[PDB]
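Trainee: Residue numbers (PDB author numbering), protein chains in the order written: chain A, 6 to 41, 51 to 371; chain B, 12 to 33. We put the beta carbon where it would ideally sit given N, CA and C, even for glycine. Sharing a structure below in structure tokens format, with a few things to ask.
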Ligand SMILES: Nc1ncnc2c1ncn2[C@@H]1O[C@H](COP(=O)(O)OP(=O)(O)OP(=O)(O)O)[C@@H](O)[C@H]1O
Ligand SMILES: C/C1=C/C(=O)O[C@@H]2C[C@@H](CC[C@H](C)/C=C\C=C\CC1)O[C@@](O)([C@@H]1CSC(=O)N1)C2
Ligand SMILES: [Mg+2]
């Protein structure tokens with residue numbers, strides 16, 4: 006059976022092609038002994063007192079290869095419990111991944127794990143496939159990076175891809191900064207995890223930020239409470255929507271970048287004028303950071319304000335979009351016509367890593 | 012070319028209810 010591994014900056018999603026969900030979802034972290051020899055994922059966190067913990071993937075790109083090998087090793091033998099030499103393996107990569115990185119992923123899979131076949135797909139393209147489309151523009155926002163990726167007839171259009179180095183972890187850091195200013199103590203990575211949970215449980219995207227600020231200033235109607243591990247109950251009101259507003263207004267964390275609605279529009283305006291109607295009518299949201307309540311309605315509003323007045327705009331935000339990349343990979347690797355598209359180990363032995371492009 | 016055409020057709024027509032429950 007083919008395997009599918011979606012390597013994210015924050016979470017690894019892995020499982021078997023043809024399944025409706027990844028069987029393994031675990032933190033993309035590797036720890037090694039600080040004094041006087052590796053752990054991956056939840057066990058690394060459990061033993062963080064004796065380990066130095068690193069994320070091998072930064073903003074969607076693999077940066078620590080030795081640790082990335084540990085992530086894949088753990089994926090195969092500990093999480094999925096498979097022998098990789100027995101399974102074709104589909105891997106994912108970020109948009110705009112350097113060619114050298116794609117070659118190195120290929121070399122490690124064939125030479126270190128001895129997979130019989132592999133393939134590398136762009137994450138956003140798989141999310142589009144998971145919605146049953148081969149044309150559209152995807153907003154994929156995870157833990158480390160956000161991209162707008164316009165895709166036509168199955169191919170991402172690389173010249174029109176936009177990137178924002180703002181995503182879920184930066185939103186958690188911003189919420190942590192706001193809550194620290196209010197007088198709570200959140201400092202360590204363990205404590206930041208409490209903030210991440212607050213963000214997921216209570217934050218939302220306001221349809222109209224100014225209006226929502228006025229509501230929260232004049233009423234307690236938006237307030238929600240949350241019990242911290244130490245027993246304190248914190249109440250938040252405008253913090254709920256000021257946190258993800260940073261996606262529309264990156265200046266909130268001191269970035270000069272345009273917001274996700276403007277990067278969507280600019281992406282579409284980089285594409286051929288003859289495909290723009292298809293993009294506007296097929297805006298698919300993918301990734302954990304697109305889960306906030308309200309985000310699709312806000313996107314619909316903002317893109318409507320930027321686009322020509324008669325343009326048909328549709329935002330597609332599937333309930334399963336935390337795992338839409340992986341589900342697209344599960345579909346693609348299960349299809350009969352895809353089976354001749356795997357790069358085989360035999361082809362790699364003849365031609366080397368450059369075959370992957 | 013023919014492969015790309017058929018693959019697009021299978022993706023566009025795929026019913027996610029076919030996928031196995033985990
Ligand atoms: N319900 C939710 N609301 C808001 N944020 C969410 C929610 N659920 C998950 N997240 C955020 O999504 C991020 C993880 O999403 P995902 O697994 O898509 O990222 P990734 O693939 O690891 O990262 P990247 O694609 O950036 O490399 C985390 O920051 C998490 O806090
Ligand atoms: C339920 C869960 C969700 C998740 O996405 O975690 C991922 C992975 C996690 C690894 C570091 C933490 C300490 C260790 C163990 C973690 C598991 C929590 C797993 O670092 C994130 O939390 C970062 C930091 S704060 C944030 O916003 N992103 C995203
Ligand atoms: Mg991702």
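(1) With DSSP collapsed to three states, give me the class of residue 11 (chain A).
(2) Any heavy atom of ligand 2 within a distance shorter than 7 Å of the CB on residue 207 (chain A)?
(3) May I ask you to list, following chain order, the residues of the stretch 12-33 of chain A that have a beta carbon less than 7 Å from some beta carbon of chain B?
(4) Could you name the residues whose beta carbon sits closer than 6 Å to any heavy atom belonging to ligand 3, keeping them in chain order?
(5) Just list the residues that DSSP pairs residue 30 (chain A) with in beta bridges.
(6) Check each residue of the stretch 338-349 of chain A: if its Cβ is closer than 9 Å to any Cβ of chain B, include it; give the result in chain order.
(7) What are the residues in the stretch 142-153 of chain A lying within 8 Å of chain B by C-beta distance?
(8) May I have the straight-line CA-CA distance separating residue 182 (chain A) from residue 209 (chain A), to the nearest angstrom?
(9) For residue 42 (chain A), which residues in chain B fall below 7 Å Cβ to Cβ?
(10) Do you know whose CA, among A:15, A:10, A:6, lies nearest residue 303 (chain A)'s CA?
(11) Please go through the same chain and pick out, in chain order, the residues whose beta-carbon is closer than 7 Å to the beta-carbon of residue 369 (chain A), but skip the five residues on each side of it.
(12) How is residue 73 (chain A) classed by DSSP in three states: helix, strand or coil?
(13) From A:13, A:26, A:91, pick the residue whose C-alpha is nearest to that of residue 76 (chain A); which is it?
(14) Following the continuous beta strand (DSSP E) through residue 134 (chain A), name the residue where it begins and the one where it ends.
(15) Does the beta-carbon distance from residue 296 (chain A) to residue 177 (chain A) come in below 8 Å?
(16) Would you say residue 104 (chain A) and residue 9 (chain A) are within 8 Å of each other, going by their C-beta atoms?
(17) Take every Cβ of the stretch 117-130 of chain A, pair it with every Cβ of the stretch 22-40 of chain A, and state whether three or more of those distances are shorter than 8 Å.
(18) Would you check if the distance between the CB atom of residue 261 (chain A) and the CB atom of residue 274 (chain A) is smaller than 8 Å?
(19) Taking any Cβ of chain B, which residues in the stretch 299-314 of chain A have a Cβ under 8 Å from it, in chain order?
Mentor: Judging by the given coordinates:
(1) In the structure shown, residue 11 (chain A) sits in a strand (DSSP, three-state: E or B).
(2) At least one heavy atom of ligand 2 is nearer than 7 Å to the Cβ of residue 207 (chain A), so yes.
(3) Answer set for the stretch 12-33 of chain A: 23, 24, 25, 26, 28.
(4) Going by the Cβ distance cut-off, the answer is A:13, A:137, A:156, A:301, A:339.
(5) According to DSSP, residue 30 (chain A) bridges with A:18.
(6) Those would be 341, 342, 344, 345, 346, 348, 349, in chain order.
(7) The residues in question are 143, 144, 146, 147, 148.
(8) Take the alpha-carbon of residue 182 (chain A) and the one of residue 209 (chain A): they are about 11 Å apart.
(9) This structure gives no coordinates for residue 42 (chain A). The numbering of chain A moves from 41 immediately to 51.
(10) Comparing Cα positions, the closest option is A:15.
(11) Excluding positions up to five away in sequence, the list reads 357, 361, 362.
(12) In the structure shown, residue 73 (chain A) sits in coil (DSSP, three-state: anything other than H, G, I, E or B).
(13) It is A:13.
(14) 131-136 is the span of the beta strand (DSSP E), which, as asked, contains residue 134 (chain A).
(15) Not in contact: residue 296 (chain A) and residue 177 (chain A) (Cβ atoms no closer than 8 Å).
(16) At a Cβ-Cβ threshold of 8 Å, residue 104 (chain A) and residue 9 (chain A) count as neighbours.
(17) With the cut-off at 8 Å, the stretch 117-130 of chain A and the stretch 22-40 of chain A do not touch.
(18) The answer is yes: Cβ separation under 8 Å.
(19) Answer set for the stretch 299-314 of chain A: empty.
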